[PDB]
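Trainee: My questions all concern the structure below.
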Amino acid sequence: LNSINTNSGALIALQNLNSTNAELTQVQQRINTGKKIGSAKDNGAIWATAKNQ
Amino acid sequence: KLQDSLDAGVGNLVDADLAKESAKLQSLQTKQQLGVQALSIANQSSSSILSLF
(Lines give C-alpha, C1' and ligand atoms only; values in the text may rest on other atoms or scores of the structure.)
Protein backbone atom coordinates (compact mmCIF):
# COMPACT_ATOMS: atom_id res chain seq x y z
CA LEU A 1 0.00 0.00 0.00
CA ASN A 2 1.34 3.40 -1.11
CA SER A 3 4.58 1.55 -1.88
CA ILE A 4 7.23 2.34 -4.48
CA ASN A 5 8.41 -1.23 -5.20
CA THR A 6 5.08 -2.74 -6.30
CA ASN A 7 1.93 -1.81 -8.26
CA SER A 8 -0.57 -4.68 -8.35
CA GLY A 9 -3.20 -2.62 -10.15
CA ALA A 10 -0.99 -2.21 -13.20
CA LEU A 11 -0.52 -5.99 -13.23
CA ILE A 12 -4.27 -6.63 -13.20
CA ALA A 13 -4.81 -4.01 -15.90
CA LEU A 14 -2.09 -5.64 -18.00
CA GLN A 15 -3.57 -9.13 -17.71
CA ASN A 16 -6.97 -7.70 -18.65
CA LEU A 17 -5.41 -6.02 -21.69
CA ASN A 18 -3.79 -9.34 -22.58
CA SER A 19 -7.21 -10.98 -22.41
CA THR A 20 -8.86 -8.44 -24.70
CA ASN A 21 -5.87 -8.69 -27.07
CA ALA A 22 -6.26 -12.47 -27.22
CA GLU A 23 -9.97 -12.11 -27.96
CA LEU A 24 -9.04 -9.62 -30.69
CA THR A 25 -6.52 -11.92 -32.36
CA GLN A 26 -9.04 -14.77 -32.24
CA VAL A 27 -11.65 -12.60 -33.97
CA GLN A 28 -9.00 -11.58 -36.50
CA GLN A 29 -8.50 -15.28 -37.20
CA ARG A 30 -12.24 -15.77 -37.68
CA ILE A 31 -12.38 -13.01 -40.30
CA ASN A 32 -9.15 -13.76 -42.17
CA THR A 33 -10.02 -17.47 -42.35
CA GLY A 34 -13.81 -17.22 -42.52
CA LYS A 35 -14.19 -20.32 -40.32
CA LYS A 36 -15.22 -20.59 -36.67
CA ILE A 37 -13.35 -23.94 -36.55
CA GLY A 38 -10.19 -23.27 -38.54
CA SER A 39 -7.91 -25.82 -36.87
CA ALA A 40 -7.72 -28.65 -34.36
CA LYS A 41 -6.73 -26.07 -31.73
CA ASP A 42 -10.24 -24.59 -31.81
CA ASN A 43 -12.16 -27.88 -31.39
CA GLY A 44 -10.64 -31.24 -32.25
CA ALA A 45 -13.82 -33.32 -32.54
CA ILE A 46 -15.77 -31.06 -34.90
CA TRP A 47 -12.60 -30.32 -36.87
CA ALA A 48 -11.70 -33.98 -37.41
CA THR A 49 -15.32 -34.80 -38.26
CA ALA A 50 -15.55 -32.02 -40.85
CA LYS A 51 -12.15 -33.04 -42.24
CA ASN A 52 -13.22 -36.66 -42.76
CA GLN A 53 -16.59 -35.59 -44.17
CA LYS B 1 -19.31 -41.20 -84.71
CA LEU B 2 -16.41 -42.79 -82.81
CA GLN B 3 -14.31 -39.64 -83.22
CA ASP B 4 -17.15 -37.52 -81.87
CA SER B 5 -17.50 -39.89 -78.91
CA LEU B 6 -13.77 -39.71 -78.14
CA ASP B 7 -13.81 -35.90 -78.24
CA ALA B 8 -16.81 -35.92 -75.90
CA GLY B 9 -14.88 -38.18 -73.54
CA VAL B 10 -11.86 -35.87 -73.54
CA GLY B 11 -14.21 -33.00 -72.75
CA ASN B 12 -15.77 -34.98 -69.92
CA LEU B 13 -12.28 -35.58 -68.55
CA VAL B 14 -10.74 -32.10 -68.67
CA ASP B 15 -13.51 -29.48 -68.99
CA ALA B 16 -14.43 -27.36 -65.97
CA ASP B 17 -17.97 -26.36 -64.97
CA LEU B 18 -17.79 -22.56 -64.99
CA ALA B 19 -21.12 -22.06 -63.21
CA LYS B 20 -19.47 -23.19 -59.98
CA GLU B 21 -16.46 -21.06 -60.89
CA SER B 22 -18.43 -17.79 -60.90
CA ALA B 23 -19.67 -18.29 -57.34
CA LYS B 24 -16.17 -19.34 -56.32
CA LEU B 25 -14.79 -16.16 -57.91
CA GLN B 26 -17.22 -13.93 -56.02
CA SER B 27 -16.65 -15.65 -52.68
CA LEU B 28 -12.87 -15.58 -53.12
CA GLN B 29 -12.83 -11.87 -53.97
CA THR B 30 -14.86 -11.17 -50.84
CA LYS B 31 -12.58 -13.43 -48.78
CA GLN B 32 -9.50 -11.64 -50.14
CA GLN B 33 -10.87 -8.22 -49.21
CA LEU B 34 -11.71 -9.47 -45.72
CA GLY B 35 -8.22 -10.95 -45.43
CA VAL B 36 -6.59 -7.66 -46.39
CA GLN B 37 -8.72 -5.96 -43.74
CA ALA B 38 -7.66 -8.50 -41.11
CA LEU B 39 -4.02 -8.09 -42.17
CA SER B 40 -4.22 -4.32 -41.71
CA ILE B 41 -5.81 -4.79 -38.28
CA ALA B 42 -2.99 -7.17 -37.36
CA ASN B 43 -0.41 -4.64 -38.60
CA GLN B 44 -1.87 -1.89 -36.40
CA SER B 45 -1.41 -3.81 -33.12
CA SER B 46 2.00 -2.35 -32.25
CA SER B 47 0.79 1.27 -32.07
CA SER B 48 -1.17 1.02 -28.80
CA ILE B 49 1.87 0.82 -26.50
CA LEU B 50 3.42 4.06 -27.74
CA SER B 51 0.66 6.01 -25.97
CA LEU B 52 1.31 4.37 -22.58
CA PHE B 53 4.83 5.86 -22.38
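Chain labels run A, B, ... following the order of the C-alpha coordinates; each chain numbers its residues from 1, and ligands are numbered from 1 in the order shown.
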Would you please give, as a PDB file with N, CA and C atoms, in the first residue's frame, all residues of chain A that DSSP assigns to alpha helix (DSSP H) based on the backbone?
Mentor:
ATOM      1  N   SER A   8       0.263  -3.548  -7.938  1.00  0.00           N
ATOM      2  CA  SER A   8      -0.571  -4.678  -8.345  1.00  0.00           C
ATOM      3  C   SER A   8      -1.629  -4.266  -9.364  1.00  0.00           C
ATOM      4  N   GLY A   9      -2.127  -3.032  -9.267  1.00  0.00           N
ATOM      5  CA  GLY A   9      -3.200  -2.616 -10.154  1.00  0.00           C
ATOM      6  C   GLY A   9      -2.767  -2.570 -11.605  1.00  0.00           C
ATOM      7  N   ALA A  10      -1.523  -2.156 -11.851  1.00  0.00           N
ATOM      8  CA  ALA A  10      -0.991  -2.214 -13.205  1.00  0.00           C
ATOM      9  C   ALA A  10      -0.902  -3.648 -13.702  1.00  0.00           C
ATOM     10  N   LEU A  11      -0.595  -4.596 -12.813  1.00  0.00           N
ATOM     11  CA  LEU A  11      -0.522  -5.992 -13.228  1.00  0.00           C
ATOM     12  C   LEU A  11      -1.893  -6.518 -13.627  1.00  0.00           C
ATOM     13  N   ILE A  12      -2.924  -6.181 -12.848  1.00  0.00           N
ATOM     14  CA  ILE A  12      -4.270  -6.627 -13.195  1.00  0.00           C
ATOM     15  C   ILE A  12      -4.747  -5.960 -14.482  1.00  0.00           C
ATOM     16  N   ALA A  13      -4.428  -4.676 -14.663  1.00  0.00           N
ATOM     17  CA  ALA A  13      -4.810  -4.009 -15.903  1.00  0.00           C
ATOM     18  C   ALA A  13      -4.092  -4.624 -17.096  1.00  0.00           C
ATOM     19  N   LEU A  14      -2.846  -5.058 -16.897  1.00  0.00           N
ATOM     20  CA  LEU A  14      -2.091  -5.645 -17.996  1.00  0.00           C
ATOM     21  C   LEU A  14      -2.626  -7.022 -18.360  1.00  0.00           C
ATOM     22  N   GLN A  15      -2.983  -7.840 -17.367  1.00  0.00           N
ATOM     23  CA  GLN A  15      -3.566  -9.134 -17.709  1.00  0.00           C
ATOM     24  C   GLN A  15      -4.934  -8.970 -18.367  1.00  0.00           C
ATOM     25  N   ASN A  16      -5.698  -7.945 -17.970  1.00  0.00           N
ATOM     26  CA  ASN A  16      -6.967  -7.700 -18.652  1.00  0.00           C
ATOM     27  C   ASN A  16      -6.748  -7.253 -20.095  1.00  0.00           C
ATOM     28  N   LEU A  17      -5.731  -6.418 -20.325  1.00  0.00           N
ATOM     29  CA  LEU A  17      -5.406  -6.016 -21.687  1.00  0.00           C
ATOM     30  C   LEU A  17      -4.929  -7.208 -22.509  1.00  0.00           C
ATOM     31  N   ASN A  18      -4.201  -8.132 -21.882  1.00  0.00           N
ATOM     32  CA  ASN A  18      -3.790  -9.343 -22.584  1.00  0.00           C
ATOM     33  C   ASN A  18      -4.996 -10.191 -22.957  1.00  0.00           C
ATOM     34  N   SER A  19      -6.011 -10.218 -22.092  1.00  0.00           N
ATOM     35  CA  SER A  19      -7.212 -10.984 -22.407  1.00  0.00           C
ATOM     36  C   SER A  19      -7.958 -10.379 -23.588  1.00  0.00           C
ATOM     37  N   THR A  20      -8.150  -9.057 -23.580  1.00  0.00           N
ATOM     38  CA  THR A  20      -8.856  -8.443 -24.701  1.00  0.00           C
ATOM     39  C   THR A  20      -8.038  -8.536 -25.991  1.00  0.00           C
ATOM     40  N   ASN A  21      -6.702  -8.501 -25.886  1.00  0.00           N
ATOM     41  CA  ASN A  21      -5.868  -8.686 -27.072  1.00  0.00           C
ATOM     42  C   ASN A  21      -5.974 -10.103 -27.625  1.00  0.00           C
ATOM     43  N   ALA A  22      -6.077 -11.106 -26.748  1.00  0.00           N
ATOM     44  CA  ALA A  22      -6.258 -12.473 -27.222  1.00  0.00           C
ATOM     45  C   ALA A  22      -7.614 -12.649 -27.893  1.00  0.00           C
ATOM     46  N   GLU A  23      -8.659 -12.047 -27.318  1.00  0.00           N
ATOM     47  CA  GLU A  23      -9.966 -12.107 -27.965  1.00  0.00           C
ATOM     48  C   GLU A  23      -9.929 -11.410 -29.321  1.00  0.00           C
ATOM     49  N   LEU A  24      -9.160 -10.322 -29.420  1.00  0.00           N
ATOM     50  CA  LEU A  24      -9.036  -9.620 -30.691  1.00  0.00           C
ATOM     51  C   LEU A  24      -8.336 -10.470 -31.738  1.00  0.00           C
ATOM     52  N   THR A  25      -7.225 -11.114 -31.374  1.00  0.00           N
ATOM     53  CA  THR A  25      -6.516 -11.921 -32.363  1.00  0.00           C
ATOM     54  C   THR A  25      -7.341 -13.139 -32.771  1.00  0.00           C
ATOM     55  N   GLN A  26      -8.161 -13.670 -31.856  1.00  0.00           N
ATOM     56  CA  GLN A  26      -9.045 -14.769 -32.237  1.00  0.00           C
ATOM     57  C   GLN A  26     -10.103 -14.306 -33.233  1.00  0.00           C
ATOM     58  N   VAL A  27     -10.682 -13.126 -33.004  1.00  0.00           N
ATOM     59  CA  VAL A  27     -11.650 -12.604 -33.966  1.00  0.00           C
ATOM     60  C   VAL A  27     -10.971 -12.294 -35.299  1.00  0.00           C
ATOM     61  N   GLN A  28      -9.723 -11.823 -35.260  1.00  0.00           N
ATOM     62  CA  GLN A  28      -8.997 -11.584 -36.501  1.00  0.00           C
ATOM     63  C   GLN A  28      -8.795 -12.884 -37.261  1.00  0.00           C
ATOM     64  N   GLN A  29      -8.585 -13.984 -36.535  1.00  0.00           N
ATOM     65  CA  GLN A  29      -8.504 -15.279 -37.196  1.00  0.00           C
ATOM     66  C   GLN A  29      -9.841 -15.664 -37.814  1.00  0.00           C
ATOM     67  N   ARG A  30     -10.946 -15.389 -37.117  1.00  0.00           N
ATOM     68  CA  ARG A  30     -12.244 -15.765 -37.676  1.00  0.00           C
ATOM     69  C   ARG A  30     -12.592 -14.967 -38.931  1.00  0.00           C
ATOM     70  N   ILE A  31     -12.139 -13.713 -39.038  1.00  0.00           N
ATOM     71  CA  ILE A  31     -12.377 -13.009 -40.305  1.00  0.00           C
ATOM     72  C   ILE A  31     -11.386 -13.432 -41.386  1.00  0.00           C
ATOM     73  N   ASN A  32     -10.083 -13.485 -41.081  1.00  0.00           N
ATOM     74  CA  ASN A  32      -9.151 -13.757 -42.174  1.00  0.00           C
ATOM     75  C   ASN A  32      -9.278 -15.185 -42.696  1.00  0.00           C
ATOM     76  N   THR A  33      -9.756 -16.120 -41.869  1.00  0.00           N
ATOM     77  CA  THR A  33     -10.017 -17.471 -42.349  1.00  0.00           C
ATOM     78  C   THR A  33     -11.451 -17.677 -42.816  1.00  0.00           C
ATOM     79  N   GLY A  44     -11.185 -30.110 -31.517  1.00  0.00           N
ATOM     80  CA  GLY A  44     -10.644 -31.243 -32.251  1.00  0.00           C
ATOM     81  C   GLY A  44     -11.706 -32.163 -32.824  1.00  0.00           C
ATOM     82  N   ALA A  45     -12.804 -32.362 -32.092  1.00  0.00           N
ATOM     83  CA  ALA A  45     -13.815 -33.317 -32.537  1.00  0.00           C
ATOM     84  C   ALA A  45     -14.529 -32.825 -33.791  1.00  0.00           C
ATOM     85  N   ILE A  46     -15.061 -31.602 -33.746  1.00  0.00           N
ATOM     86  CA  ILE A  46     -15.767 -31.058 -34.901  1.00  0.00           C
ATOM     87  C   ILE A  46     -14.816 -30.889 -36.075  1.00  0.00           C
ATOM     88  N   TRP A  47     -13.559 -30.538 -35.797  1.00  0.00           N
ATOM     89  CA  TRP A  47     -12.599 -30.324 -36.874  1.00  0.00           C
ATOM     90  C   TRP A  47     -12.266 -31.634 -37.576  1.00  0.00           C
ATOM     91  N   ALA A  48     -11.987 -32.688 -36.802  1.00  0.00           N
ATOM     92  CA  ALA A  48     -11.701 -33.983 -37.411  1.00  0.00           C
ATOM     93  C   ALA A  48     -12.919 -34.536 -38.141  1.00  0.00           C
ATOM     94  N   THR A  49     -14.119 -34.299 -37.603  1.00  0.00           N
ATOM     95  CA  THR A  49     -15.319 -34.799 -38.263  1.00  0.00           C
ATOM     96  C   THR A  49     -15.548 -34.086 -39.590  1.00  0.00           C
ATOM     97  N   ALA A  50     -15.393 -32.761 -39.605  1.00  0.00           N
ATOM     98  CA  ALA A  50     -15.550 -32.017 -40.847  1.00  0.00           C
ATOM     99  C   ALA A  50     -14.447 -32.355 -41.841  1.00  0.00           C
ATOM    100  N   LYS A  51     -13.247 -32.671 -41.351  1.00  0.00           N
ATOM    101  CA  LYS A  51     -12.154 -33.045 -42.245  1.00  0.00           C
ATOM    102  C   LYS A  51     -12.444 -34.371 -42.936  1.00  0.00           C
ATOM    103  N   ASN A  52     -12.873 -35.372 -42.162  1.00  0.00           N
ATOM    104  CA  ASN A  52     -13.216 -36.659 -42.758  1.00  0.00           C
ATOM    105  C   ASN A  52     -14.403 -36.530 -43.704  1.00  0.00           C
TER     106      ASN A  52
END
Trainee: Would you mind listing what lies within 9 Å of residue 31 in chain B as a ChimeraX atom specification, with only C-alpha atoms counted and same-chain residues fewer than 2 positions away left out?
Mentor: /A:31-34 /B:26-29,33-36
Trainee: For CA of residue 1 in chain B and CA of residue 13 in chain B, quote the distance in Å rounded to one decimal.
Mentor: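 Computing the Euclidean distance for CA of residue 1 in chain B and CA of residue 13 in chain B yields 18.5 Å.
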Trainee: CA of residue 24 in chain B and CA of residue 38 in chain B, how far apart in Å?
Mentor: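 CA of residue 24 in chain B lies at a distance of 20.5 Å from CA of residue 38 in chain B.
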Trainee: For the atom pair CA of residue 5 in chain B and CA of residue 18 in chain B, what is the interatomic distance in Å to one decimal place?
Mentor: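 For CA of residue 5 in chain B relative to CA of residue 18 in chain B, the distance reads 22.2 Å.
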Trainee: Of the residues B:23, B:52, B:16, B:42, which is the one nearest to chain A, using only C-alpha atoms?
Mentor: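 Of all the options, B:42 lies closest to chain A.
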